[PDB]
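What follows is a single structure, written as structure tokens, with notes after it.
The first chain written gets the first letter, and so on, giving A, B, C, D, E, F, G and H; residue counts start at 1 in each chain.
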Amino acid sequence: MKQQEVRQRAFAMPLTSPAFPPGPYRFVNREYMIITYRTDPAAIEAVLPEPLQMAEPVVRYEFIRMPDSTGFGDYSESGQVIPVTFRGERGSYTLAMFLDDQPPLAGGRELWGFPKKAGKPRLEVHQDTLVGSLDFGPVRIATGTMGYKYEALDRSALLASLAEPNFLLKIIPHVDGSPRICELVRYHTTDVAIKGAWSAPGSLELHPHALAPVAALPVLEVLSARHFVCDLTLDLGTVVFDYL
Amino acid sequence: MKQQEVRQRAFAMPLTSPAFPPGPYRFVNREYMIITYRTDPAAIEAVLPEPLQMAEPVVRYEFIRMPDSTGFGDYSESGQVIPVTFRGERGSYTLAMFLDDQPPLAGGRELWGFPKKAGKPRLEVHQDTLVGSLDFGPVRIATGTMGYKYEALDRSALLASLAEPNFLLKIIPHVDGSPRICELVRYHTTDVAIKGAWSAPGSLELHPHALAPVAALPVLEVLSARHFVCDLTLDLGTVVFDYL
Amino acid sequence: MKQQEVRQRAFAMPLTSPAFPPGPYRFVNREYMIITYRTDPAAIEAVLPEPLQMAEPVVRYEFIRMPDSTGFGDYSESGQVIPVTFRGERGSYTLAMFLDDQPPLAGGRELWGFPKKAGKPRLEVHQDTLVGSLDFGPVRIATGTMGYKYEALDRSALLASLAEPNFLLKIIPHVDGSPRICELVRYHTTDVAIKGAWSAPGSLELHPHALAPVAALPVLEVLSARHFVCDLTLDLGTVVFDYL
Amino acid sequence: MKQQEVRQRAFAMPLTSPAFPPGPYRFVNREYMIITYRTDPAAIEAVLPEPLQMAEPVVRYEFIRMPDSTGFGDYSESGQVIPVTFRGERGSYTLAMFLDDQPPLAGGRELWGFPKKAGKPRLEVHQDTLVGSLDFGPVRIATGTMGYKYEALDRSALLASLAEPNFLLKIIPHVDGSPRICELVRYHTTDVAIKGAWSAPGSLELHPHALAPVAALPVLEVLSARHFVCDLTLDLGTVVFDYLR
Amino acid sequence: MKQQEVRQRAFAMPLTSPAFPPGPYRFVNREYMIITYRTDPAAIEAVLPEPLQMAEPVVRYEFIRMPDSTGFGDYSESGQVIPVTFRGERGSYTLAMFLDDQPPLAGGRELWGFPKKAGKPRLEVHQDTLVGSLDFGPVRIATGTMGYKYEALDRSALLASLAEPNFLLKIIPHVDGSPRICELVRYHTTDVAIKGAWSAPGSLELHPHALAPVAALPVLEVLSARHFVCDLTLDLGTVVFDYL
Amino acid sequence: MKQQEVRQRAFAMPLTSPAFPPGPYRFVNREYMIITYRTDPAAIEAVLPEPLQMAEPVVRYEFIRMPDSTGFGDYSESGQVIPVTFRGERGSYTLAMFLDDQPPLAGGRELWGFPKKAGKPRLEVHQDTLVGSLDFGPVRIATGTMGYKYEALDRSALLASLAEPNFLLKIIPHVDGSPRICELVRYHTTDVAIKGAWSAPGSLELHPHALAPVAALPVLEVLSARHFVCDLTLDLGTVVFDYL
Amino acid sequence: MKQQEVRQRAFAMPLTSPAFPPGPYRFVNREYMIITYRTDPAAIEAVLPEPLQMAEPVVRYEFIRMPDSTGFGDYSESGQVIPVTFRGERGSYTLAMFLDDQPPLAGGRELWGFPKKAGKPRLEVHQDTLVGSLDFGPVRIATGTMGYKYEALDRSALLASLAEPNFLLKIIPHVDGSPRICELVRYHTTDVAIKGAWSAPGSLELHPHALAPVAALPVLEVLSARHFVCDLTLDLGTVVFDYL
Amino acid sequence: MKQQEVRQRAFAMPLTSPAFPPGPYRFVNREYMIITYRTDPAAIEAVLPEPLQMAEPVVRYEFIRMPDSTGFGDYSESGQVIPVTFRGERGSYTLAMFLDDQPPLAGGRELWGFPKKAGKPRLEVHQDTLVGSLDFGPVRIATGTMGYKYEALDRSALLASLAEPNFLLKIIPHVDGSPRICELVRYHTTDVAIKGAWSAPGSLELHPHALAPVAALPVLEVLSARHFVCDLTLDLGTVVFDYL
């Protein structure tokens, strides 16, 4: 298999059996618990890369079920998202995620630049409560709870939420340890169909961990909680600022 | 978190809590079981990317324990390695690995370009038999067996095998899915101390898997088995050929 | 809170974190097993409150799954309902009900006046059989079985039955133990969308219990068994008769 | 079953097999662990309904075993009680309670107006520590600890709290959702026999929950811990303010 | 229970509580994993009953979930199907099935003449991998694997495959052991709705069993893998050739 | 494999690997618990096909262990048998059976016409009591008990019992749902050797089930109980009345 | 414990509590499953020690239950036996055994010279299938399967096979590692009673193991399967050829 | 024993079988996790006994494995130590300690006067994370985490810290409950050989407990985390201050 055949088939490692596939990336029945909390503004500023700019000092803490995902399989995710502005546009910055499936973890990192690590997220209804949890090894680092579907939420506002740009700092080292890729990436979730969306009382507790430091954006006050189910496509991202 | 802080600080994602640290990457008490088997030369040719050239039509099947790994932790690995020459120099090519710990998986892939996937390798003595196994979710894909330290091995010769260059094909996608990095990488294991090294009868059985195709290189005849324990440093690789 | 705003805010206890929310109460994919059986006429007459009037001497024994219930969560229900007339108008009377979730138990009792107790109902397919059970603590008190979807059920008869009036006897003691509320309440399930509906052969065995006396309406003869899945709204009730 | 006989028979639903019976409600060998903690005064006034007034800014956090309870069975309970005055008379206000047995749950709510919800309270000695815990489904929302009977308490003093009035805001919705009952209820625990009472160092930790917000009253400092066993009759309450009259 | 009641009522044994009901036999959400493999043409010829003629020397190995099956219940199936022509028309031939539910096993055999035996098929997503397995008592006889929904399939073409005739050889013994029924049966799946259809890499391993000889058709090379979900009606078959 | 080869090898499906084999059918160490009870004569008449004629209004309820059975393996059985007369001959009619092994269940139905279904029978001594049970899925449908070997029974009378003809209504649908086989079948158990045979106090309890309606022949009074162990051969049956 | 007591008392170590007793070695109810398979004649030649000569290129693979064995206890065995001739006489050669009980392992090896190792053989009926398996620590190395007593076997012929000489190569090392005993040993099974003997379809799968190389004689085609139960006496062997 | 020899023999209770032996007390492969955190100065001042003097307001929280401890066995330890000065001399004060082995608990208390209580500390690598925990009965009261060996730690600073003086407050009541012993004790760890020593990012969460009040020194800010393995001798102490 010649030089140009290699260059032509190359998408992801291993060449002949890639750790992940090309898309499209389609998600069916994504289920979100999102708890939004006020935090120390100084705690966001210490972690937000310029030229991104801080908006509200809030954090979106999320627990996501992805039972049906092309190329990737059946998995769950938990993460911390921060509202930002970039060039007059509102959007989000993903600071941290954790997932229980390989292909979307390698794929997430190597293709888009999602800052993903391994963990055990769960999101399930126990009788009357929706309970989100994320373990990292034997250690519980996040527990969220919500009432069950108390109020229907505005679906227009939700679709506008899912339409905003999502920014990521993609960093990949060169063989020598210096960055070979260091860029702000913009991605969109498109073809959204909302199956249901609700609000209800919510709660969040975070625990410190040396290798999963979600707790360094302290929960000062829980502001809102939303729970929705939707289908969508994770579109390929585009570079919006190349630090290199 | 100023703009040029980012491009000088950036090593691995997440920028502020990297998924793996910089080395040196030191390994104490790695333990190897290596079953060398003869395969179909045509299966080797099918996967070998030029300018690499095949040598003997053999596969070195590895089960490796790494209980003490700087920056990475305590874990196990299994994989398929093939003798190769590049520009006439004899070395190795790593076709497939599987590991049970995320930092060395991401780090292996993003820094050197080891072709790593997730799986559950084990290497254990069960009374009279050293047993290596590799499971990928609920499916067994590799089982190797060895008698226990039947005869001491010529260490000076072994250390020779371990001085040879190891070659990797590093592939990282750009955000749009075309290759952003596509290169052959040369790396050495250095500062090696062999604590012991043995030979004994060996066996190997492989099973098909859509996502872990080790059985694509069929075990036609087992040729040798080696078992050894060592400390070593995984040095950073160099680019020896850039396809882009 | 100010004495005035307390009145304005009061819905259910606890005032500041009510044991159940207001609604509307929407149900998605309720799944029913109903076994209609002939019983002793005298047993029915002994429990039916005038001004309610007995229609035929049958009991509909229900096993219901409610996997998706707004404000309540995900739960199961079992109990006894009797065909009734009130002022000439054909309807049903709920004698006993059993649930494994507390918000719909309190809310059922305090809002509409469903005669609810705690219990563990289950409704599950085991290979070829739909099996309904009700345990009350360690004692099984109801076991129902049906074949799986032998014949389509008349959607029109079904929708007309669901459109009927349901009567409940709401009783709530005053702090002195005398009745503070004692009324016949009429309610409706509306916005009914049936997803599937079948008949099959069916069985029912009931067992004695001092605190869960379903067996007091003995199974003389099983008349029919229906299985259906639907979405509906549990509308608020209205008082049709005040004993006080 | 004539409509007249219906009215005569009516106490609690279901008419012919009430979810709970009538009393008298007797409790034998009721065991308490009470951790008193100072909280944020602003947290208390937000949840205290006028004409109640606030007394000292503390919360009495409770874990109670009721192994022998007439009409109810054998169960445990946990929750939050605060010091209050109504018309200048000093008493308690129950903010939240959680139990593992339905009859006292329904009865608690529908008769007296106790603010009750389901949960899994436990109270047990583990070697040297009395350990009280509350779980709400999979989530731990309260953990409390004490030494084991370090110092005896005077009982005669203790009975100073048990004879005080207890106040409850009783709320039962009408079929249409607006309040049918909305009154403050006064109840007393009478027939109190103390079998033993003790103090010891204590601890408390509380965790957030959307549906069980005990942690909304933050533990700033633990102030005292008490452990006691008693027999007790829970008397029927009386209305002392009717928001709806 | 008069004599001519018997001959007009008789459908299946036991006459008064038949082991399976009459249809229509409707299936909602059948899920298929099909691994198509090339085999020894001589192994196919050895089992193919004339007047059926072999076509390509391939086997379609199936693992199928049927969670909602009218009259039959919720169950799983695995089996070996071969492309065939009869009187020049292209169709299929079912060589072997295995199921975990009795009504469809007896019903399959006695009505259509599906060559059904007992076993324990499973089809499940394990993170990144769709895994089909078939156990016959304690022995694994089939393991298949697929990546997860790598690429959407041409549905109109699929629906084409599913319009083809399916052929069965129905054999029932007379009480004396000579064949009482011995016929080729043609049946169609009709009213088909494809909910989704995908392709992805595939693997298949078979193991010998004296009583479940799937391995008699050896996996020489895996050619394709398909995964799809559908609703369909299993129509009654017709006799196309009677050997007697 | 030609047309006539097919017709010549055809015994049971699948042609090339029959679900059951030819006999002879030999049973070693068959162990029976038989509880005979008086029932409603109207309950037998509703289930007994003419030209069979009712004898006593009793039912033989049975629990059988078949640990050693040619062609079939190791299994257990439970069933309801009714005494009948046909053409001046005393015999039995089998109304219902349940077994935990496939080959004898398919074989029983397709060859002789035993009205067999699937279930979990057990027959074991627990200390002082012989206990027979039959579950159908998670549901207990029959429990019998006997004292242990209180009295030896008449072996001449027992052999005469095992010598009487056993009648079965064999029904097999045609592909179109109409009966293709509908006949009264007579079979004998021959070559009987009785190893031991006893009577003792006995008891029976039956539970309703929609798909296993053994309970529709109510236990009004337990009359007798016998327990024996024997070897025998289940001879092929012969047609004694063809409804068709 | 005088010097010449030792040389007249000495049978097995420990002298005062020998690891196995002298016989006769009587076996009641040995049960055999034997899968006869054709293999590579070249694999047979590679292991057959002259003056033994190979006969058919077949292996008799055995799984044997010995529940009642004088001096040895209750245990199981599995092994590989090959047809042979010595000085023109047809007999057997035992290549490999594995047992789960020490006295017969030591005794087998030190007295006759059976080539015994440890392992975990099992032979059990699972419903319709006789299943033999052999595990060596955690690795399965042999799985055999048979239908259950399909047809009675010609016993007089069987007893003929069991009258043939069995040959063993006995090897014991001297303290210095050179052979102290190295001889061909002939032994018979005598006083044989066949309790039953059957044939049925068979299967065999072998797996590699460094220390249990049964798979070195590959299953090319399974030829027959036999299942039988017997009592027999293992007589002491004789030396028929002494290499020393 | 004679009254004189009692005095001569007395070391620890029981006289004739002392709860712990004399020593020297040698430790091999102690493994420490130390997390240094800033706390509230007032909390430290509230527990520190004059003549001891407060140095910086930090607490070193320790999780220690002692797998090989002469006279004591194999055990783990957790607790709190504070940087201190005494007469100008820099050292440490041990506030609280927790162990799962009784000989070092009694011996620690009675000989040096370590302030020991019972508890269950653990220190373990879970894949990529070093996890320290302390349970006290059913309550977790300390959880520490570190990355694995990110950077070498300064051996010189380490050895100097281990060479420092440790102070303890030895208190032992007289039978009347008044202090019989009340003294500041100084001790040293000598013959220290460090085997490895590292730093990495670290975390600590503490929890309230009435009998194990570690939380009384609140974690305001984690300053550092060190991991090391060493051999050392726990030398006898000396009194430096007698309160009595």
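Just so it is clear, contacts are C-beta pairs under 8 Å (C-beta built on N, C-alpha and C of every residue); 3 or more make two chains touch, one makes a residue touch a chain.
The pair from A-C, B-E or C-E that reproduces the interface of B-G, where over half of the contact pairs by residue number are the same, turns out to be B-E.
Among the pairs D-H and C-E, the greater number of C-beta contacts is found at D-H. Mean C-alpha positions place chain F and chain G at a centre distance of 42 Å. For chain F, residues that reach two or more other chains under the stated contact definition are 17, 102, 211, 213. Residue ranges of chain E in contact with chain F, taken from their complex: 1-3, 6-7, 10-17, 19, 22, 45-51, 95-96, 102, 105-106, 109-118, 169-173, 175-177, 179-183, 185, 211-213, 236-239, 243-244. By the touch criterion stated above, chain G contacts chain F in their complex at residues 125, 127-129, 147-150, 198, 201.
The touching residues of chain C, counted against chain A in their complex, run 17, 21, 68-75, 100-103. Taken in their complex, chain B has these residues touching chain G: 126-129, 131, 143, 145-147, 200-205, 222, 225. Those residues of chain D whose C-beta lies close enough to touch chain A in the complex are 136-139, 207-211, 213.
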